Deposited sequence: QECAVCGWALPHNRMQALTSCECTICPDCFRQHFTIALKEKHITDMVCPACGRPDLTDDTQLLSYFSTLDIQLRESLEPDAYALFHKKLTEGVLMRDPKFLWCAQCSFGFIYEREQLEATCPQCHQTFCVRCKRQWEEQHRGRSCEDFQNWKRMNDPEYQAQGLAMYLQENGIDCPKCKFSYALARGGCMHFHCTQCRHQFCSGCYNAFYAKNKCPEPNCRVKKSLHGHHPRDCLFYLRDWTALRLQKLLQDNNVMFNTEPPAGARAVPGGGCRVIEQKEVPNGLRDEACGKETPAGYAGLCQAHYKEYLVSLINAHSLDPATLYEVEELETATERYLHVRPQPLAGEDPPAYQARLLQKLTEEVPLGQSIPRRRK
């Protein structure tokens, strides 16, 4: 139509439509008026130049008005004048910086000074929670943000299709020297190489893999060889058990385990010319192994065994207890007079569990 201040005939799209009063005003009488009231008047004078029909003398409409006017102000006037608007807003209205929100959906930034925990972006008109910034659904009403996100994650189809492979990766691998973490299952090669420190360690027990002639453990018999030392409940040893025997240790302690899905999709890192690339495990997924391969299904069972601090020595036979005694106590056991195999077994078990604790660096949950 025409500008409401000076009457200059313009198309509607070449003026500023004041949100409050819907008066059309050219860029020059917009920029001039609001720049002046900033540099020569007080913030309550920043009404519409045509009508003054923002009733800015009651704190009811005061904050909503400026939150919207800030949008048209930012676009039409120049920096130090727009910064003067924020100063006088802080010093005259808010007594603090205005709360500026960034819309996660459309990248727009806007001042939000209202009570509600959900905010509508003035650009995309989509509403989000002001704390977690996720899209607002009524499921979030009356619920904490963690409740809400823990809800969306446990309802996304692509997350549940991944099955137990997600559980194995959220079981991270933390390098015990540089404390770098990896969202990797421990896979089938316990010898891990961390990248920032080059430190070599077992991903199941976090014990060091010693180079040649570097192992300080007493009575070690492979000191001239690359190796590490593992507790009896580390995946390095427990991966040699059948899934049946690992399930037997769990069942004897009433620990549940999956056998069906809730090739193998466990994510691994392959070295390509430009970095690392996620190659899904892809190995066979046998029946009763809950969608994983045997290797990753055993890692999943050892995960539950370690999380509950279950002791595999409770299932050791005499031969296993004797091997464990030579390995961790550094003495060859010997039966005593009057002992039968059960009493000999019970004695070796007591001494072992009393003297050699389970893995002291194994992650347990």
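Residues of the deposited sequence that lack C-alpha coordinates fall in the stretches 263-271, 375-376.
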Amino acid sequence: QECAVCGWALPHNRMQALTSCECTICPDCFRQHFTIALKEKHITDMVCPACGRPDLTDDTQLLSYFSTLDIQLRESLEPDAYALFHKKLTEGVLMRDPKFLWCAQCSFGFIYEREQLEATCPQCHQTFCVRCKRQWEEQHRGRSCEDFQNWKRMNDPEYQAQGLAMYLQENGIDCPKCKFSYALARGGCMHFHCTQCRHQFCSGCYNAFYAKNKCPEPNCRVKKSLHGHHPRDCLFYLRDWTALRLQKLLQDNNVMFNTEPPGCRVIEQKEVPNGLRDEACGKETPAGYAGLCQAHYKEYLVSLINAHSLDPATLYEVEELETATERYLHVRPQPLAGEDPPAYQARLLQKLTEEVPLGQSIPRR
From here on, numbers count along this sequence of modelled residues.
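Gaps at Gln61 occur in at least a third of the other compared entries of the protein that contain both adjacent residues. Checked against the record, the higher mean CA B factor of 212-220 and 243-251 lies with 212-220. Of the two stretches examined, 18-26 and 349-357, the record assigns the greater average C-alpha temperature factor to 18-26. As recorded in the entry, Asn171 carries the highest CA temperature factor of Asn258, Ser107, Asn171, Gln135. Residues shown: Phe192, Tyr159, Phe236, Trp102. Highest C-alpha temperature factor in the entry: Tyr159. Among the modelled residues of its chain, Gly188 has a C-alpha B-factor that falls in the highest third according to the deposited record.
In the deposited entry, the Cα temperature factor of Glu299 sits in the bottom third of values across the chain's modelled residues.
Ranked by Cα temperature factor within the chain, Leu329 sits in the middle third according to the deposited record. Annotation for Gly338: C-alpha temperature factor in the middle third relative to the rest of the modelled chain, per the entry.
Among all modelled residues in its chain, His308 ranks in the lowest third by Cα B-factor.
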